[PDB]
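Lettered A, B, C, D and E in written order, each chain numbered from 1.
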C-alpha cells in the first residue's frame, strides 16, 4: 500500500453511500466499535451484507455529508467546508452512531449560532465633568476604547464648567 | 443490509435524475403514498441499461428531497436556492415537505425584507445629579442621542425590527 | 457512410454532452420553445448527426456550468440560479440557445439585484421644525413616517428640532 | 489506403485535463496560435500526441481552473465563478500560454485588490449662517451632496456693529474618485 | 503533447479515497521526502496496491488533494474560497511535504488576524476659535480630521470682540496601521 510501510498489507474496502463510491480500509473502520461501520473492521464472509456487483457495500444515505464523517475516522478532526450544512452532518454522525463526533458537531453549531444571532452592539455611556482649565487634557487623554459623544457647557471656584458624554462598544 | 439487523427486507433501487445516479431503497421511497416516487415504491414495471429509473429533473435539488424521505428533516446547503427545492418538492408531490419549504422561505424572507429601520424617540428629562444615573442605567436597547441643558433634556432613540 | 439518420435520433430520452458534462432530459422538454436552437433535437433534425458522439449523446461546445438553469427553465418554466452562480453567465447561454422568454426573465434578475446592491449616494432632505417646551415630547415620538431626529436646539418658539429623511433611487 | 474509417478527420476533440474530460471543437483551439493548444487547432498530419484509453489528449494540469481558459477560447470573454480563485486561473493561463488572456487575468486581480483595502473617506466642511427667518430657506436649498452636521443658535444680540448671523450650520460632504 | 516532439513522459493515476487523479511521474518528484516520491521512477518491482484500472490506491479525502498536487505541479499554494485550509493542512501533513505545510500555516495565521482584529482607536482635540475665523478653521482642517462638535461659549455681549474666543470646536482623527 503506497502510503504505508513496504511489507505490510491493507484491506481496502469500498462503500457505496447513496450512490457514491468511497475508498477506505478495514483499519480506519475500527476507530469506533460502537459504530455500525465497525462491522467491516472484522473480515467476514458469512456476514454477507448487501453489496453491489463491484463488491461495494450499499448504504442508503446522502454521500455528500459522509466525507466529513469518514474523515473524522481517518484523523480525529472534524472538518466541514464552508458551503456545507452541519445539520446534514449531524444527521450522519448520528445514523453512523459516532458519539465522539456527534458531540463535536453540536459544538460547531452553537459556536456559529451565538456568532450569528444578536441585536446590534450594546453601548455604554459615561458622563465626564471638568473645570475649564482641564478641558484640553480631559479630551486629549481619552481612555483607550471610548468615543466622544457630546460636550456641554455650564458655568456662571469648584463650579463644574464642562460636561462631556462619552461612549463605548460592547462585543458579545 | 449493512446498517440493519441480519435477515431483513431491503430492496435497493437506483434513480437516474437528470443523468446523476442516486441509490436508495424501496423502503424510503414509500414514506409517502402521495409522491410520484411511490410508483417505484413496490417493485413494479424507463430504465437505462444500468437498471436505474429515469427522471427528467435537476438532481442538485433532489438531494434535499431524497433526504427528507430518508430522515424526515429538511436540510439545504447554503449555496442552494430554496425555490429549487420547492419546485421539486412539488413535482414529486411530497405534501408534508412542500409545507416545510415554504416555511424556510418565508422565515428567511422576514429576516431579509422589512422596510427601513423605523426609529422611535423620547425625551427624558432629569435633575443635575441623577444625570449620571439616567445615562448610566439607560434601558435595554436605547441610544443616547443628545443632551440639552435648560436642568437637562436628554434625547434617546431606539430601532424597530 | 451514414446512409440514414442514427437509430433513436427520435428516442424519448436524450443525453447532452455540454462541453464534457452529460445532461439527461427528454425530447419533449426540448420542444418547449420552437424558436430555440435546442428545438432542433426536438424536430429530430438530420444536421445534428455530425455532432452526435458514438453512445448517442449530442455534442455541444459550450460551458456546462451555466446550462442547468437553462435546462430547468425548459423543464418547469421558472428561473432558478444558485447563490454563487453569476447571472451574466446564464444570460450568455439563454441568448446562445436563443430562448427569448428566458433571456427576458434573466435580465429582470440582473436589474433587480443591481438596484438592490449598487445604492447611489443617499441624498437627504432636512426640515427644521419648531416646537414649544410642552409639545416637545409629542413632536418627536409621533415624528413623520420616515423622519430621523437629527438635533434639538433651544432658545431662551422654544425648541428647534432638526429632522431628516433619506432618499433612495 | 486500407479501410474506410470515419471519426478520423473529426471536428470534435476531447481533452483529459488532470483526469477530467473536456469537450470542444478543433476550431476553438485556433483563437491563439501562440498557445501550444494550437497543435490540435488543425487536423495535424504527422504529430501523434499521448492519449488515453478513450483517445483524449492527456494534460497534467488542474481541470478546476481550466474552464475559464476554454471559455475564453470559445467566445473571447473572461468569466470566473464567484467561488473561484483568479490565482488558479492565472497559473493555468500561463501554462497554456495565452498572452491576451493572461493580460485580462492580472486586471481582474488588481481590480478587486484596489477594492478590498483603501484609505477611509476624506470629508469636507462648511459653515452656513442665516437669520432666524431664513432657517427654512437654508435647509430648503442645501446643495446636492451635503449632510447636516450641526446647527448652532448664536443667542442673537443687541450689539453695535454686530447688528448678521443668528444661526450657524455646520455641514459636510464626502470626497470620492 | 504539452511537451516538445519526442519527449519522455510516463503517466500515473492516483485513486485518492475514491476519486481518480491523473498526473505524471515527473510531477511526483518535487519533494523526495514525501511518500509520493516512491512513484518518481517507473519502479519495475514496486507493486503498490493498485485497483482494476491500475491506479495506486490511497486512503485519504480527495477534496483536499487538489491544492497539494497543484503545489507539486507549479509550486504555488492555491485554494478556493469555500475550502477549509485545516483540511488542506492535514493532507499536507499526511503526504508529508514540509515546504507546503509551511505555506499553509502562513495562510491560516494570515486570515486569523484578519478575521478578528480590534475596532479603531481615535484622537480628540478641542480647539477654540474666534467667531470670524471659524469658517476658515473648519474649511482648512488637515487631511485626516473629522469635525465633531461646535460649542457656543462666549456671551451675547462679547460675541465678535477680539479678546473673545467664541466657539470650542471638538475635532477627531482615526488611527490606522
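Here is the rule we use: a residue touches a chain if its C-beta (ideal position, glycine included) is under 8 Å from a C-beta of that chain, and two chains touch if they have at least 3 such contacts.
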Where chain B and chain C are represented by their mean Cα positions, the distance between them in whole Å: 21
Would you kindly tell me how far, in whole Å, the mean C-alpha position of chain E lies from that of chain C? 31
On chain E, where are the residues touching two or more other chains? 81-82, 149
Between the chains shown, work out who touches whom and classify the graph as line, ring, star, complete or other. ring
Starting from chain B and stepping next to chain C, in what order do the chains sit around the ring? B, C, D, E, A
Spell out the part of chain A that touches chain E in their complex, as residue ranges. 1-3, 10, 12, 14, 20-25, 28, 67, 70-71, 74-75, 77, 79-83, 135-136, 139-140, 142, 144-145, 147-148, 150-153, 169
Under the definition above, what is the set of chain D residues touching chain E in their complex? 16, 18-19, 36, 39, 47, 49-50, 57-62, 64, 82-85, 87-88, 91, 95, 119-120, 122-123, 125-127, 149-150, 152-159, 161-162, 165, 168, 170, 172
